[PDB]
Every structure is written in structure tokens, then in C-alpha cells.
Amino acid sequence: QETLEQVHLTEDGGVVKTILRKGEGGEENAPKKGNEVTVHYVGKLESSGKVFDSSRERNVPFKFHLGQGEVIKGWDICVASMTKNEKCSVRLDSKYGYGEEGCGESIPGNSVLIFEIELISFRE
């Protein structure tokens, strides 16, 4: 009968993070703006449940700089809220993803995206 804590990271309910695995609890374990974060992720549409993107399929971690528009909005908001080794499932509304256009065949316009994101490490 266990149910998981989902936290709204925006006021419009367009970024809702369900934590599947809690990270580490220290301040040292919290990533700052401009830090290079290393993540693994799986991206699937909410409706179809179809994987459009996975760093796990690739077997290569994804690296970016937090809080700098290197990734879709929802990622910058979601990763900013994570700590080292936190695993999560973030639900992203259209405007926190690829918007009215979507992206390629795999992401239609106005798609709700669900990403499972594990914060492996970070650094300056």
C-alpha cells in the first residue's frame, strides 16, 4: 500500500517529480548552477509509454551544465532539485519540453514527457 512522494517544482503543475530513490542528504551532495552534472536518463511519452530517448540504451552517461539552457526547461528545474544518486520520474508538460511543435517523429506537438533521471555525479 506504499505510495510515493511527488513534488511540484513549478506553480502550474507542469513539472512533477516522483522520487523513486532518494539521493544523499548533504549540502556537498547538492549540485549548483553551472556545475557539470553526469546523469543517466530514459525518456518516454506519457500517453504511449514509448521510449524516445535513453542514455541507458546508449550505455553512455549524459553530461551537461546545470541551469544554463543546455537542456529543455524541465530538466534544469528537475536536476536543480536533485542530490547525488537520486533517481526520479519527472512528468513534464508540453511547455517544459518541446512545446507546440514537439520534435521529429518521436515527439508530437503538445506531448507530456516522462523522464526517469538518475543523478550519478557532478563537479565544478
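So that the term is clear: the rigid core is the largest set of C-alpha atoms that superpose within 1.5 Å between two forms. In this text, residue numbers run from 1 along the sequence as written.
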query	finding
Divergent stretch in 5 other deposited structures of this protein, 109-117 or 21-29 [C-alpha RMS, superposed by the core]	21-29
Residue stretch of maximal mean CA temperature factor, 93-101 vs 23-31	23-31
Stretch with the greater mean C-alpha B-factor as recorded in the entry, comparing 43-51 against 77-85	43-51
Among modelled residues of the same chain, the CA temperature factor third for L119	lowest
Entry-reported Cα temperature factor of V16, expressed as the chain third it lands in	lowest
Relative C-alpha B-factor of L9, binned into the chain's lowest, middle or highest third	middle
Chain-wide C-alpha B factor ranking for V112, given as lowest, middle or highest third	middle
